[PDB]
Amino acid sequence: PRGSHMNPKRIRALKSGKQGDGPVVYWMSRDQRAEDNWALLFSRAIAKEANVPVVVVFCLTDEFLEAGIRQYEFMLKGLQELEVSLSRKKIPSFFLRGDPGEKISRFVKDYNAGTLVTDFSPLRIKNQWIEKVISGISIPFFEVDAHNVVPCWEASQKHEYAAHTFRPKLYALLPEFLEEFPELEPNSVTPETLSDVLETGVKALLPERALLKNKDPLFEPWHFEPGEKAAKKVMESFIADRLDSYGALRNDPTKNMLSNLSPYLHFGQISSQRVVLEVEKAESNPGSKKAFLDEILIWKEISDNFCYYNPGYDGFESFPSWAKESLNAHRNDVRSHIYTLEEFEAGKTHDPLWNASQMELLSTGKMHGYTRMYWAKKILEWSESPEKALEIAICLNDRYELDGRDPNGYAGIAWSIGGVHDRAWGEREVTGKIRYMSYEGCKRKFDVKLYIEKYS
């Protein structure tokens, strides 16, 4: 609908209707940023064509009770900064509390909205809210993919079996969809306290905090500063200092050579399209650029593909047939060790490498990418059943990862435990034909002892 630097394939209609005479409302959810946001840019362009202002609404749900203070504070502090940035562009933001299915519909009527726009998430709960809102409004409802470089429904029309089949489809569409962002034009027409929501939510989550023996908190909040401004700083330091060595050291957890962008990417405080634009233009090791681009383009956006075309993305049923048949055959194998959720959570296994990985997770909220594979695969090896392993890995991932509760997490766990986007490997007890990883294999790839000593 209108636009010159505005590709209409990024937007799709969720509900037809008569465009009201009120303001355009951007229901912001996944992409919590003011710059490099196609959903906010499309909302502004529609408002300009109708000579109305654009407003932003955010609904704080009860979902923060299922996680911890680490994610709540990170999100909320980012939203406080975002509120000021939108105010500088004369864009007011409204923060609601409750069920989006009820609050968003009530806000549309009470504010006499003319058009509703939201960003795109393939998670189940977002589809439920969208269906509830459609049944409660009479104005047009649009959805914009602001998170993927290529719109999820455009990159592929089906579940992609492997990255090597998805890779040519995605890269063929890069020349069309990889582009610069236009500037967010401020509003022309003029038209709950976040500090109170922060204190009320923290007081609720306090009894569930992760503590050590001295009742001292485990989480170290100084590793990652939240917000759109801090995300840009992280990206800049990655390109200048770490991108060159990324290809060689990406799988060495003793070196801080990752981009460290996932907390910002998950909450949408930075755009992956922006990161890709800057990495494309940087002059660095070609093998490092290719390796990093493959991670933030192929693997990130195939995770959205997985969740979008497999609504059981967090269940055993989503695994490929060969993996289900293999794991079913080994359900009666004696496990060398069986640990409960509580024993995994406290890092009380026999494996010091596994315990150190859990300690990095508990203390920093961001486990290194390589040890996340080892961490999840040992949960499968030392659990009663594949379903219990899946349940334990998802629980700990979403509870403690700053970047958790994310398509990348469900696809990554499904890769580790059920071979989604992987292939069959040598037959073993318990784990069957699922790709195996061993302590001795890690010892030959990086200094395992240094990683263990850093995290007790």
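Counting begins at 1, following the sequence as shown. Basically, rigid core = biggest C-alpha set you can superpose within 1.5 Å across the two forms.
Rigid core superposition in 9 other deposited structures of this protein puts the Cα atoms of one stretch, out of 182-190 and 241-249, farther from the shown form on average, and that stretch is 182-190. Gap check for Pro191 to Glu192: 4 to 9 deposited residues are absent from the model. Higher average CA B factor: 114-122, of the stretches 362-370 and 114-122. Between 242-250 and 103-111, it is 103-111 that carries the larger average Cα temperature factor according to the deposited entry.
In this entry, the residue among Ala393, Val420, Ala50, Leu40 with the greatest C-alpha B factor is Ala50. Of the candidates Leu212, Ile302, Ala323, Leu293, it is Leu212 whose Cα B-factor is highest according to the PDB record.
Residue-level temperature factors show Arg44 in the highest third of its chain, judged at the C-alpha atom. The PDB entry assigns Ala411 a C-alpha temperature factor belonging to the lowest third of its chain's modelled residues.
Remark: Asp314 belongs to the lowest third of its chain, ranked by C-alpha B-factor as recorded. Ranked by Cα temperature factor within the chain, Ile137 sits in the highest third according to the deposited record. Per the deposited record, the Cα B-factor of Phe64 falls in the highest third when ranked against the other modelled residues of its chain.
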